[PDB]
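A.B. asks: Provided hereafter are the protein sequence and its experimental coordinates.
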Amino acid sequence: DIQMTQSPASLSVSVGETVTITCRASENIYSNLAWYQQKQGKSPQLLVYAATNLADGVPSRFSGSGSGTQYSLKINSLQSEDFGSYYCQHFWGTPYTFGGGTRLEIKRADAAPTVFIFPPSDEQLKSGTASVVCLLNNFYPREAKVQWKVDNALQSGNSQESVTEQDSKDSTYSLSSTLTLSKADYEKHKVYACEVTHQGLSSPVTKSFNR
Amino acid sequence: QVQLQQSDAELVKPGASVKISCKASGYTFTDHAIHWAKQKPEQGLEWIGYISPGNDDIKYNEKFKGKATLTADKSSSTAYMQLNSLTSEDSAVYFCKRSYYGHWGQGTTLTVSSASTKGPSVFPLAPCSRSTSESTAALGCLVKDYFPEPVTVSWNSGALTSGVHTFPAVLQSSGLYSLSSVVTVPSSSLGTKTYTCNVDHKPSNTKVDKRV
């Protein structure tokens, strides 16, 4: 059992810059190391086999470095689709261990959410539960905060958010926040309010509907 | 050229055993080890082992002798892994492979639970009025209350890529999932196109095509 250690763990680095992800073997793999990039619900892809050899479709902007125990992936004109997790795996001496992974978010300058609010669809109301969804579309960084006001009661506790992978192209996120209420509680209030804060917005924007 | 088709997702009962196929295509099966790996939700992968079809050499990562049994059938080019005495920790994506440095298969998602399978309810998301913000309208489907993962959303029966965003599924209070898939169009277009979201939940053969 020979453990690979990856460093760093996370990397937020601007397009055009040059990244260096290192991976140290606990003892000596003899340049039998593969690097992989995995994106978000998919199969890993081969970047470099045999500790420096480029895999068939990989761009030239990637190079494998290393020997003995310190191996390195270097991406040099980092681009928008170079985000994702990178993993190194050693193939000498079973068990063939995986490193801890590196998640790379390619950095962007700020962008403000464009916020939409969706009322509970009647088909849903007629099933006893009513979900109010709020959408912050195409923003950056990922940290946005959504506050629901159901009348002018600050709902704390009854909402869940989920966020996309950064986009391959513009490098921006999007986020949904679903608020869930019994048919009862939604029919006993009129204003539903999605209020979004985000550095990038000058002053918090709030979207709302009535019924 | 090298294609490895895995089984679709399986929901399996605790203490039971599941059996995942890896149907190898477009190369001769018998001279290449198939390796297995398990990656949990938001973590690393670890190596299960390999079954070289041909000289039937198998070697297991020590933490998995016992829970998996790699096996191959030399004639339909299918390697198999069986996971015994399934338990919650065994819920993960399991992957197969072509060599040392090879092509990965798609991933099979194992949910190991006690719960029953529920195919989804597809709700619509459409705004209360136009000029909601900019000249951009958003529409979506709410794929609410399904189990187990995964659901696949596609707009206009695959013909609509420009502007869709399908969120990671979320696990609600009830123990079933929810997921929204929204699309942004410009406002001009409310009439220019018909919006259809096709929701697929293969663990319960539920196939819906909603229109918005």
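C.D. replies: Arrived safely, thanks for sending. Numbering: from 1, shown residues only, chains lettered A, B, ... in the order given.

A.B. asks: what residue lies at the spatial centre of chain A?
C.D. replies: Within chain A, one residue has its C-alpha closest to the average C-alpha position: by C-alpha atoms, centre = their mean, that is residue A:165, at 4.2 Å.

A.B. asks: quick one: that residue and residue A:83 touch, right?
C.D. replies: Yes - in this structure, residue A:165 sits in contact with residue A:83. The criterion is C-beta atoms under 8 Å, and the distance is 7.3 Å. (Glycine included, C-beta is placed from N, CA and C.)

A.B. asks: list residues touching both of those two?
C.D. replies: Between them, residue A:165 and residue A:83 share these contacting residues under C-beta atoms under 8 Å, 6 or more residues apart in numbering or on different chains: residue A:39.

A.B. asks: and chain A, split by domain according to the record?
C.D. replies: Annotated domains of chain A cover A:1-108, A:109-211 [curated CATH domains].

A.B. asks: contacts only, for the residue lying farthest from the centre of chain B.
C.D. replies: Summary for chain B: using C-alpha atoms, centre = their mean, the residue whose C-alpha lies farthest from the chain's mean C-alpha position is residue B:131, with a distance of 37.0 Å. Under the criterion of C-beta under 8 Å, 6+ apart, the neighbours of residue B:131 are residue B:187.

A.B. asks: is it in a helix, a strand, or coil?
C.D. replies: Residue B:131 carries the three-state label coil when classified by DSSP: H, G, I helix; E, B strand; the rest coil.

A.B. asks: please report how far it lies from residue B:56.
C.D. replies: Separation of residue B:131 from residue B:56 (C-beta to C-beta, to the nearest Å) stands at 68 Å.

A.B. asks: re earlier: wait, what's in contact with the residue nearest to the centre of chain A?
C.D. replies: Each residue near residue A:165 by C-beta under 8 Å, 6+ apart is listed here: A:39-40, A:83.

A.B. asks: ok, 7 Å please
C.D. replies: Residues touching residue A:165, when contacts are defined by C-beta atoms under 7 Å, 6 or more residues apart in numbering or on different chains, comprise residue A:40.

A.B. asks: doesn't it belong to a helix?
C.D. replies: No - looking at residue A:165 with three-state DSSP, it is coil, so not inside a helix.

A.B. asks: how close does it sit to residue A:61?
C.D. replies: 20 Å.

A.B. asks: just to revisit the earlier point, which one of the domains of chain A lies nearest to residue B:200?
C.D. replies: If you check each of these against residue B:200 by C-beta to C-beta, domain A:1-108 wins as the nearest, at 14.3 Å.

A.B. asks: does the closest one come close to chain B?
C.D. replies: Yes - where contact is defined by C-beta under 7 Å from any C-beta of the partner chain, part of domain A:1-108 touches chain B, namely A:34, A:43-44, A:46, A:49, A:87, A:91, A:94-98, A:100-101.

A.B. asks: can I get the buried part of those as one ChimeraX selection?
C.D. replies: Here is the ChimeraX selection string for the buried members of those, based on 16 or more other C-beta atoms under 10 Å in any protein chain shown:
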select /A:34,43,44,46,49,87,91,95,96,97,98,100,101
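
A.B. asks: which of the residues of domain A:1-108 next to chain B sit farthest apart?
C.D. replies: A:43 and A:94 (22.3 Å).

A.B. asks: for residue B:143, see how far away residue B:194 is.
C.D. replies: With distances taken as C-beta to C-beta, residue B:194 is found 19 Å from residue B:143.

A.B. asks: what residues does chain B put near chain A?
C.D. replies: On the criterion C-beta under 7 Å from any C-beta, chain A has as its neighbours in chain B the residues B:44-47, B:59, B:61-62, B:95, B:100-101, B:104-107, B:123-128, B:132-134, B:136, B:138, B:142, B:144, B:165, B:167-168, B:170, B:178, B:180, B:182, B:184.
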